[PDB]
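Here is structure-v4.cif, consisting of mmCIF, C-alpha atoms (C1' of nucleotides); chains and numbers go by the auth columns:
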data_target
loop_
_atom_site.group_PDB
_atom_site.id
_atom_site.type_symbol
_atom_site.label_atom_id
_atom_site.label_comp_id
_atom_site.label_asym_id
_atom_site.label_seq_id
_atom_site.Cartn_x
_atom_site.Cartn_y
_atom_site.Cartn_z
_atom_site.B_iso_or_equiv
_atom_site.auth_seq_id
_atom_site.auth_asym_id
ATOM 1 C CA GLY A 1 3.150 47.891 -44.811 0.00 1 A
ATOM 2 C CA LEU A 2 2.248 50.053 -41.805 0.00 2 A
ATOM 3 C CA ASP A 3 3.552 53.180 -43.563 0.00 3 A
ATOM 4 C CA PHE A 4 1.079 55.837 -44.692 0.00 4 A
ATOM 5 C CA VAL A 5 2.631 57.227 -47.893 0.00 5 A
ATOM 6 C CA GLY A 6 0.713 56.995 -51.155 0.00 6 A
ATOM 7 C CA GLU A 7 -2.642 56.592 -49.406 0.00 7 A
ATOM 8 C CA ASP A 8 -5.200 58.828 -47.720 0.00 8 A
ATOM 9 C CA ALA A 9 -4.601 58.847 -43.972 0.00 9 A
ATOM 10 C CA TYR A 10 -8.256 58.508 -42.944 0.00 10 A
ATOM 11 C CA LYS A 11 -9.021 55.444 -45.076 0.00 11 A
ATOM 12 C CA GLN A 12 -5.705 53.959 -43.943 0.00 12 A
ATOM 13 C CA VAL A 13 -6.505 54.384 -40.242 0.00 13 A
ATOM 14 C CA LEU A 14 -9.999 53.006 -40.908 0.00 14 A
ATOM 15 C CA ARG A 15 -8.438 49.868 -42.411 0.00 15 A
ATOM 16 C CA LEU A 16 -5.924 49.787 -39.545 0.00 16 A
ATOM 17 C CA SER A 17 -8.800 49.905 -37.051 0.00 17 A
ATOM 18 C CA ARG A 18 -10.479 47.062 -38.957 0.00 18 A
ATOM 19 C CA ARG A 19 -7.398 44.840 -38.609 0.00 19 A
ATOM 20 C CA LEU A 20 -6.964 46.207 -35.072 0.00 20 A
ATOM 21 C CA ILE A 21 -10.389 44.940 -33.997 0.00 21 A
ATOM 22 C CA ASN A 22 -9.654 41.762 -35.990 0.00 22 A
ATOM 23 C CA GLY A 23 -6.872 40.997 -33.499 0.00 23 A
ATOM 24 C CA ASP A 24 -3.923 40.546 -35.881 0.00 24 A
ATOM 25 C CA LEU A 25 -2.096 43.866 -35.482 0.00 25 A
ATOM 26 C CA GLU A 26 0.214 43.455 -32.422 0.00 26 A
ATOM 27 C CA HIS A 27 -1.119 46.596 -30.682 0.00 27 A
ATOM 28 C CA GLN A 28 2.217 48.258 -29.841 0.00 28 A
ATOM 29 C CA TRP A 29 2.905 48.503 -33.576 0.00 29 A
ATOM 30 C CA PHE A 30 -0.489 50.189 -34.018 0.00 30 A
ATOM 31 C CA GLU A 31 0.159 52.906 -31.428 0.00 31 A
ATOM 32 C CA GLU A 32 3.690 53.290 -32.821 0.00 32 A
ATOM 33 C CA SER A 33 2.248 53.863 -36.304 0.00 33 A
ATOM 34 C CA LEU A 34 -0.208 56.370 -34.832 0.00 34 A
ATOM 35 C CA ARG A 35 2.714 58.115 -33.100 0.00 35 A
ATOM 36 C CA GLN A 36 4.788 58.416 -36.285 0.00 36 A
ATOM 37 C CA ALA A 37 1.733 59.123 -38.478 0.00 37 A
ATOM 38 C CA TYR A 38 -0.177 62.020 -36.861 0.00 38 A
ATOM 39 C CA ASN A 39 2.735 63.386 -34.766 0.00 39 A
ATOM 40 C CA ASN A 40 1.345 61.904 -31.510 0.00 40 A
ATOM 41 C CA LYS A 41 -1.952 63.790 -31.956 0.00 41 A
ATOM 42 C CA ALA A 42 -3.974 60.595 -32.555 0.00 42 A
ATOM 43 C CA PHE A 43 -3.777 59.401 -28.947 0.00 43 A
ATOM 44 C CA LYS A 44 -7.562 58.994 -28.596 0.00 44 A
ATOM 45 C CA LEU A 45 -7.745 56.138 -31.138 0.00 45 A
ATOM 46 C CA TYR A 46 -5.476 53.794 -29.158 0.00 46 A
ATOM 47 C CA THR A 47 -8.464 51.994 -27.582 0.00 47 A
ATOM 48 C CA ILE A 48 -10.785 52.137 -30.599 0.00 48 A
ATOM 49 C CA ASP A 49 -11.457 48.395 -30.311 0.00 49 A
ATOM 50 C "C1'" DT B 1 13.572 39.650 43.641 0.00 1 B
ATOM 51 C "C1'" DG B 2 12.577 43.708 41.301 0.00 2 B
ATOM 52 C "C1'" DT B 3 11.945 46.509 37.339 0.00 3 B
ATOM 53 C "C1'" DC B 4 11.117 48.581 33.548 0.00 4 B
ATOM 54 C "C1'" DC B 5 11.095 48.648 29.409 0.00 5 B
ATOM 55 C "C1'" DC B 6 10.002 45.548 25.793 0.00 6 B
ATOM 56 C "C1'" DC B 7 6.461 43.106 23.854 0.00 7 B
ATOM 57 C "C1'" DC B 8 1.288 41.621 23.416 0.00 8 B
ATOM 58 C "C1'" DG B 9 -4.066 42.658 23.158 0.00 9 B
ATOM 59 C "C1'" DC B 10 -7.050 45.674 21.304 0.00 10 B
ATOM 60 C "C1'" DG B 11 -9.447 50.183 18.884 0.00 11 B
ATOM 61 C "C1'" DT B 12 -8.919 52.848 14.279 0.00 12 B
ATOM 62 C "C1'" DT B 13 -7.765 53.849 9.852 0.00 13 B
ATOM 63 C "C1'" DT B 14 -5.407 53.133 5.749 0.00 14 B
ATOM 64 C "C1'" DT B 15 -3.397 49.709 2.435 0.00 15 B
ATOM 65 C "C1'" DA B 16 -2.159 47.034 -0.531 0.00 16 B
ATOM 66 C "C1'" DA B 17 -3.825 41.514 -0.899 0.00 17 B
ATOM 67 C "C1'" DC B 18 -7.030 38.640 -3.274 0.00 18 B
ATOM 68 C "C1'" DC B 19 -10.265 38.336 -6.587 0.00 19 B
ATOM 69 C "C1'" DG B 20 -13.068 39.424 -11.405 0.00 20 B
ATOM 70 C "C1'" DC B 21 -11.786 40.510 -16.170 0.00 21 B
ATOM 71 C "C1'" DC B 22 -8.538 41.477 -20.566 0.00 22 B
ATOM 72 C "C1'" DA B 23 -5.144 41.324 -23.912 0.00 23 B
ATOM 73 C "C1'" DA B 24 -0.135 40.615 -24.880 0.00 24 B
ATOM 74 C "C1'" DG B 25 3.793 38.820 -26.588 0.00 25 B
ATOM 75 C "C1'" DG B 26 7.883 36.724 -25.001 0.00 26 B
ATOM 76 C "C1'" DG B 27 8.311 31.986 -24.482 0.00 27 B
ATOM 77 C "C1'" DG B 28 7.555 26.796 -23.238 0.00 28 B
ATOM 78 C "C1'" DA B 29 6.395 22.943 -25.923 0.00 29 B
ATOM 79 C "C1'" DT B 30 6.366 20.200 -30.289 0.00 30 B
ATOM 80 C "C1'" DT B 31 8.051 18.702 -35.149 0.00 31 B
ATOM 81 C "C1'" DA B 32 11.350 18.371 -38.645 0.00 32 B
ATOM 82 C "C1'" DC B 33 16.265 18.780 -41.468 0.00 33 B
ATOM 83 C "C1'" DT B 34 20.361 18.405 -41.061 0.00 34 B
ATOM 84 C "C1'" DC B 35 25.010 18.325 -39.571 0.00 35 B
ATOM 85 C "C1'" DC B 36 28.961 17.497 -36.000 0.00 36 B
ATOM 86 C "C1'" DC B 37 30.709 14.665 -32.843 0.00 37 B
ATOM 87 C "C1'" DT B 38 30.298 11.238 -30.028 0.00 38 B
ATOM 88 C "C1'" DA B 39 29.524 5.587 -29.991 0.00 39 B
ATOM 89 C "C1'" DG B 40 32.813 1.853 -31.529 0.00 40 B
ATOM 90 C "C1'" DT B 41 37.566 -0.321 -33.375 0.00 41 B
ATOM 91 C "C1'" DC B 42 43.076 -0.892 -34.842 0.00 42 B
ATOM 92 C "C1'" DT B 43 47.336 0.057 -33.633 0.00 43 B
ATOM 93 C "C1'" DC B 44 50.816 1.950 -30.861 0.00 44 B
ATOM 94 C "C1'" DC B 45 53.521 4.594 -27.755 0.00 45 B
ATOM 95 C "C1'" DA B 46 54.606 7.725 -24.449 0.00 46 B
ATOM 96 C "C1'" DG B 47 52.944 8.985 -20.033 0.00 47 B
ATOM 97 C "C1'" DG B 48 51.660 6.437 -15.692 0.00 48 B
ATOM 98 C "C1'" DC B 49 52.375 2.756 -12.284 0.00 49 B
ATOM 99 C "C1'" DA B 50 55.154 -0.957 -9.478 0.00 50 B
ATOM 100 C "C1'" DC B 51 59.598 -1.569 -7.777 0.00 51 B
ATOM 101 C "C1'" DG B 52 64.195 -0.057 -5.683 0.00 52 B
ATOM 102 C "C1'" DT B 53 66.761 3.074 -3.220 0.00 53 B
ATOM 103 C "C1'" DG B 54 69.765 7.603 -1.562 0.00 54 B
ATOM 104 C "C1'" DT B 55 68.179 10.808 0.950 0.00 55 B
ATOM 105 C "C1'" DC B 56 66.378 15.132 3.643 0.00 56 B
ATOM 106 C "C1'" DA B 57 62.842 16.890 6.678 0.00 57 B
ATOM 107 C "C1'" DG B 58 60.333 15.398 10.968 0.00 58 B
ATOM 108 C "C1'" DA B 59 60.507 13.331 15.743 0.00 59 B
ATOM 109 C "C1'" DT B 60 62.690 11.887 19.762 0.00 60 B
ATOM 110 C "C1'" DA B 61 65.748 14.027 23.760 0.00 61 B
ATOM 111 C "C1'" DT B 62 67.378 17.317 26.910 0.00 62 B
ATOM 112 C "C1'" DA B 63 69.390 21.413 28.968 0.00 63 B
ATOM 113 C "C1'" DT B 64 67.888 26.054 28.024 0.00 64 B
ATOM 114 C "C1'" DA B 65 64.562 29.159 27.785 0.00 65 B
ATOM 115 C "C1'" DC B 66 60.132 31.378 27.282 0.00 66 B
ATOM 116 C "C1'" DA B 67 55.829 32.556 29.021 0.00 67 B
ATOM 117 C "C1'" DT B 68 51.834 33.642 31.126 0.00 68 B
ATOM 118 C "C1'" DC B 69 49.344 32.765 35.302 0.00 69 B
ATOM 119 C "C1'" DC B 70 48.971 32.756 40.277 0.00 70 B
ATOM 120 C "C1'" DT B 71 50.155 34.807 44.334 0.00 71 B
ATOM 121 C "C1'" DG B 72 52.511 37.805 47.819 0.00 72 B
ATOM 122 C "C1'" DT B 73 53.847 42.327 49.195 0.00 73 B
ATOM 123 C "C1'" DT B 74 53.596 47.240 48.923 0.00 74 B
ATOM 124 C "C1'" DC B 75 51.574 51.722 47.267 0.00 75 B
ATOM 125 C "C1'" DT B 76 47.968 54.911 47.487 0.00 76 B
ATOM 126 C "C1'" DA B 77 43.160 56.314 47.859 0.00 77 B
ATOM 127 C "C1'" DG B 78 38.978 56.295 50.652 0.00 78 B
ATOM 128 C "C1'" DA B 79 36.037 56.340 54.799 0.00 79 B
ATOM 129 C "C1'" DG B 80 35.812 56.612 59.863 0.00 80 B
ATOM 130 C "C1'" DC B 81 37.115 58.695 64.180 0.00 81 B
ATOM 131 C "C1'" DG B 82 38.880 62.029 67.282 0.00 82 B
ATOM 132 C "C1'" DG B 83 40.899 66.385 68.658 0.00 83 B
ATOM 133 C "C1'" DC B 84 40.662 71.432 68.197 0.00 84 B
ATOM 134 C "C1'" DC B 85 38.307 75.821 67.248 0.00 85 B
ATOM 135 C "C1'" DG B 86 34.567 79.256 66.961 0.00 86 B
ATOM 136 C "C1'" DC B 87 29.791 80.494 68.148 0.00 87 B
ATOM 137 C "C1'" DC B 88 25.593 81.029 71.032 0.00 88 B
#

Translate the structure of the given file into structure tokens.
Amino acid sequence: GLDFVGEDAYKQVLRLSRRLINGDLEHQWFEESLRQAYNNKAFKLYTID
DNA sequence: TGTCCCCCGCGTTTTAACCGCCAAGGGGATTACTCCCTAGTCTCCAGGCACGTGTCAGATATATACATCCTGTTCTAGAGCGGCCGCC
């Protein structure tokens, strides 16, 4: 369920940051989703927690 | 005994070693279900062991023959000496 289709990207990355701070996201998957979601442009949110 | 060049003691400046802190995510450790194969017999039989023996490669033997090592003699190169020549 890390895909972004059928949902606004901003609310989705907000929820992703919530579970990212929550410590149950397996970080590499989170930066991979950011890479294939915003075409590598969201590199500043890797250390949001 | 000498030497000289190879290694030690020390000054200086980097450098990565140890420590403080942080997550991670493969991975060690534990628990459980289950499934194969190894524990344990019965019977037997075909390979393995004790016995017996003809035999074929190794050892003894000795003149012959290697075979290299030690030594003697000769060849040739090197240093010393002496005679001859030119110069002051």

Would you tabulate, counting all atoms listed in the file, all residues of chain B that have an atom at most 12 Å from an atom of chain A, showing the closest pair of atoms and their distance in Å to one decimal, sorted by chain then ascending number, as a tab-separated table?
residue	atom	partner	partner_atom	distance
B:23	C1'	A:27	CA	9.5
B:24	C1'	A:26	CA	8.1
B:25	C1'	A:26	CA	8.3

- Which distance in Å separates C1' of residue 30 in chain B and CA of residue 22 in chain A, to one decimal?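 Result for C1' of residue 30 in chain B versus CA of residue 22 in chain A: 27.5 Å, one decimal.
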
- Message: As a check of understanding, name the residues that the PyMOL selection byres ((chain A and resi 29-40) around 9) selects in the supplied structure, as an NGL selection string.
- Response: :A and (2-4 or 9 or 13 or 16-17 or 20 or 25-28 or 41-43 or 45-46)

Can I get the selected residues back with C-alpha atoms, as a PDB file, in the coordinates of the input?
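Result file is result-v5.pdb:
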ATOM      1  CA  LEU A   2       2.248  50.053 -41.805  1.00  0.00           C
ATOM      2  CA  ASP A   3       3.552  53.180 -43.563  1.00  0.00           C
ATOM      3  CA  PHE A   4       1.079  55.837 -44.692  1.00  0.00           C
ATOM      4  CA  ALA A   9      -4.601  58.847 -43.972  1.00  0.00           C
ATOM      5  CA  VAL A  13      -6.505  54.384 -40.242  1.00  0.00           C
ATOM      6  CA  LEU A  16      -5.924  49.787 -39.545  1.00  0.00           C
ATOM      7  CA  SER A  17      -8.800  49.905 -37.051  1.00  0.00           C
ATOM      8  CA  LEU A  20      -6.964  46.207 -35.072  1.00  0.00           C
ATOM      9  CA  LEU A  25      -2.096  43.866 -35.482  1.00  0.00           C
ATOM     10  CA  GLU A  26       0.214  43.455 -32.422  1.00  0.00           C
ATOM     11  CA  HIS A  27      -1.119  46.596 -30.682  1.00  0.00           C
ATOM     12  CA  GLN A  28       2.217  48.258 -29.841  1.00  0.00           C
ATOM     13  CA  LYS A  41      -1.952  63.790 -31.956  1.00  0.00           C
ATOM     14  CA  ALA A  42      -3.974  60.595 -32.555  1.00  0.00           C
ATOM     15  CA  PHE A  43      -3.777  59.401 -28.947  1.00  0.00           C
ATOM     16  CA  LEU A  45      -7.745  56.138 -31.138  1.00  0.00           C
ATOM     17  CA  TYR A  46      -5.476  53.794 -29.158  1.00  0.00           C
TER      18      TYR A  46
END

- Note on the structure: The distance between CA of residue 49 in chain A and CA of residue 5 in chain A is 24.2 Å

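The two atoms in question, CA of residue 44 in chain A and CA of residue 24 in chain A, are spaced 20.2 Å apart.
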
Write a file for range 14-39 of chain B, containing N, CA and C atoms (P, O5', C5', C4', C3', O3' and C1' of nucleotides) (output as a compact mmCIF listing (two decimals), in the first residue's frame).
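Result written to decode_28.txt:
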# COMPACT_ATOMS: atom_id res chain seq x y z
P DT B 14 50.03 19.68 7.99
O5' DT B 14 48.85 18.71 7.50
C5' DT B 14 48.20 17.86 8.43
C4' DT B 14 48.42 16.40 8.08
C3' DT B 14 47.16 15.57 7.97
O3' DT B 14 47.44 14.41 7.20
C1' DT B 14 48.33 14.93 9.90
P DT B 15 46.30 13.72 6.32
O5' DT B 15 46.42 12.17 6.71
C5' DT B 15 47.06 11.81 7.94
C4' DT B 15 46.41 10.57 8.52
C3' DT B 15 44.93 10.45 8.26
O3' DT B 15 44.55 9.09 8.29
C1' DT B 15 45.28 10.81 10.56
P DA B 16 43.61 8.47 7.15
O5' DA B 16 43.07 7.11 7.80
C5' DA B 16 43.97 6.26 8.50
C4' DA B 16 43.69 6.27 9.99
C3' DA B 16 42.38 5.62 10.42
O3' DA B 16 42.58 4.90 11.62
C1' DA B 16 42.46 7.80 11.24
P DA B 17 41.89 3.47 11.84
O5' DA B 17 42.40 3.04 13.30
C5' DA B 17 43.30 3.90 14.00
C4' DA B 17 43.13 3.76 15.51
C3' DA B 17 41.95 2.93 15.97
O3' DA B 17 42.19 2.48 17.30
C1' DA B 17 41.51 5.25 16.34
P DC B 18 41.15 1.50 18.03
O5' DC B 18 40.36 2.47 19.04
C5' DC B 18 41.08 3.12 20.09
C4' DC B 18 40.15 3.98 20.94
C3' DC B 18 38.81 3.35 21.30
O3' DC B 18 38.50 3.67 22.65
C1' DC B 18 38.45 5.40 20.18
P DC B 19 37.22 3.03 23.39
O5' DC B 19 36.24 4.29 23.58
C5' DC B 19 36.75 5.49 24.15
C4' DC B 19 35.80 6.65 23.90
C3' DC B 19 34.33 6.35 24.17
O3' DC B 19 33.74 7.42 24.91
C1' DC B 19 34.59 7.22 22.00
P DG B 20 32.41 7.16 25.77
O5' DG B 20 31.29 8.04 25.03
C5' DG B 20 31.31 9.46 25.13
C4' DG B 20 30.10 10.08 24.45
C3' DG B 20 28.80 9.29 24.57
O3' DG B 20 27.71 10.18 24.79
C1' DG B 20 29.40 9.51 22.27
P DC B 21 26.24 9.61 25.07
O5' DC B 21 25.57 9.55 23.62
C5' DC B 21 25.63 10.69 22.77
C4' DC B 21 24.81 10.47 21.51
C3' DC B 21 23.63 9.51 21.65
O3' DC B 21 22.49 10.06 21.01
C1' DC B 21 25.01 8.83 19.86
P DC B 22 21.06 9.34 21.11
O5' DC B 22 20.92 8.57 19.72
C5' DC B 22 21.51 9.13 18.54
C4' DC B 22 20.73 8.71 17.30
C3' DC B 22 19.62 7.71 17.56
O3' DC B 22 18.62 7.85 16.56
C1' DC B 22 21.34 6.66 16.31
P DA B 23 17.08 7.97 16.97
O5' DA B 23 16.37 6.84 16.09
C5' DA B 23 17.06 5.63 15.82
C4' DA B 23 17.09 5.34 14.33
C3' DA B 23 16.34 4.08 13.93
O3' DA B 23 15.92 4.17 12.58
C1' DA B 23 18.67 3.74 13.65
P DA B 24 15.05 2.98 11.94
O5' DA B 24 16.14 2.00 11.30
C5' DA B 24 16.98 2.45 10.25
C4' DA B 24 17.62 1.28 9.51
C3' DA B 24 16.73 0.06 9.34
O3' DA B 24 16.98 -0.55 8.09
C1' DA B 24 18.60 -0.49 10.71
P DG B 25 15.79 -1.24 7.27
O5' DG B 25 16.54 -2.24 6.28
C5' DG B 25 17.93 -2.50 6.46
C4' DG B 25 18.15 -3.84 7.14
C3' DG B 25 17.06 -4.89 6.89
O3' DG B 25 17.65 -6.11 6.48
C1' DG B 25 17.55 -4.75 9.17
P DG B 26 16.84 -7.13 5.53
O5' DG B 26 17.83 -8.38 5.39
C5' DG B 26 19.17 -8.18 4.95
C4' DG B 26 20.17 -8.61 6.01
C3' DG B 26 20.23 -10.11 6.27
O3' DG B 26 21.58 -10.50 6.49
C1' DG B 26 19.75 -8.99 8.28
P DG B 27 21.98 -12.05 6.56
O5' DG B 27 21.82 -12.41 8.11
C5' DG B 27 22.45 -11.60 9.10
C4' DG B 27 22.14 -12.11 10.50
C3' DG B 27 21.88 -13.62 10.61
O3' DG B 27 22.51 -14.12 11.78
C1' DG B 27 20.10 -12.45 11.56
P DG B 28 23.01 -15.65 11.85
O5' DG B 28 23.01 -15.98 13.41
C5' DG B 28 23.84 -15.24 14.30
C4' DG B 28 23.25 -15.17 15.70
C3' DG B 28 22.94 -16.52 16.36
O3' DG B 28 23.21 -16.45 17.75
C1' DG B 28 20.93 -15.28 16.08
P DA B 29 23.20 -17.79 18.64
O5' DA B 29 21.72 -17.83 19.25
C5' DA B 29 21.30 -16.80 20.14
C4' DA B 29 19.82 -16.94 20.47
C3' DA B 29 19.36 -18.37 20.80
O3' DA B 29 18.82 -18.42 22.11
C1' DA B 29 17.88 -17.31 19.24
P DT B 30 18.36 -19.82 22.74
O5' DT B 30 16.78 -19.85 22.48
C5' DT B 30 15.96 -18.79 22.97
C4' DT B 30 14.52 -18.98 22.55
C3' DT B 30 13.96 -20.40 22.76
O3' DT B 30 12.81 -20.35 23.59
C1' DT B 30 13.45 -19.59 20.58
P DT B 31 12.09 -21.71 24.07
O5' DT B 31 10.91 -21.91 23.01
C5' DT B 31 9.97 -20.86 22.79
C4' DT B 31 8.83 -21.33 21.91
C3' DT B 31 8.44 -22.79 22.07
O3' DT B 31 7.02 -22.90 22.15
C1' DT B 31 8.92 -22.32 19.79
P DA B 32 6.32 -24.32 22.42
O5' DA B 32 5.75 -24.74 20.98
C5' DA B 32 4.95 -23.81 20.26
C4' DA B 32 4.64 -24.33 18.86
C3' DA B 32 4.30 -25.82 18.77
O3' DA B 32 3.22 -25.98 17.87
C1' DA B 32 6.07 -25.31 17.30
P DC B 33 2.26 -27.27 17.96
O5' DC B 33 1.92 -27.55 16.42
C5' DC B 33 2.76 -27.01 15.41
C4' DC B 33 2.43 -27.60 14.06
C3' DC B 33 1.96 -29.03 14.09
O3' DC B 33 1.21 -29.31 12.91
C1' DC B 33 4.22 -28.91 13.31
P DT B 34 0.67 -30.79 12.60
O5' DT B 34 1.78 -31.38 11.62
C5' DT B 34 2.23 -30.60 10.52
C4' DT B 34 3.49 -31.18 9.91
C3' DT B 34 3.47 -32.69 9.69
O3' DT B 34 4.05 -33.00 8.44
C1' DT B 34 5.35 -32.11 10.95
P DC B 35 3.34 -34.05 7.45
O5' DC B 35 4.47 -34.35 6.36
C5' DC B 35 5.55 -33.44 6.19
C4' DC B 35 6.88 -34.12 6.42
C3' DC B 35 6.95 -35.58 5.96
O3' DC B 35 8.16 -35.81 5.26
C1' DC B 35 7.66 -35.41 8.19
P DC B 36 8.26 -36.99 4.17
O5' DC B 36 9.74 -37.55 4.34
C5' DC B 36 10.87 -36.72 4.05
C4' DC B 36 12.10 -37.13 4.86
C3' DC B 36 12.69 -38.49 4.56
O3' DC B 36 14.07 -38.45 4.86
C1' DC B 36 11.85 -38.49 6.77
P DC B 37 15.13 -39.28 3.97
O5' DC B 37 16.32 -39.54 5.00
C5' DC B 37 16.38 -38.79 6.22
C4' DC B 37 16.58 -39.70 7.41
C3' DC B 37 17.17 -41.07 7.08
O3' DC B 37 18.10 -41.44 8.08
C1' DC B 37 15.13 -41.36 8.21
P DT B 38 19.66 -41.57 7.72
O5' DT B 38 20.37 -41.74 9.14
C5' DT B 38 20.07 -40.85 10.21
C4' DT B 38 19.40 -41.60 11.34
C3' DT B 38 19.99 -43.00 11.63
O3' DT B 38 20.28 -43.15 13.03
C1' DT B 38 17.65 -43.09 11.45
P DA B 39 21.08 -44.44 13.57
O5' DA B 39 20.13 -45.03 14.72
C5' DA B 39 20.07 -44.40 16.00
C4' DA B 39 19.09 -45.10 16.93
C3' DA B 39 19.37 -46.58 17.19
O3' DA B 39 19.07 -46.92 18.54
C1' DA B 39 17.26 -46.34 16.12
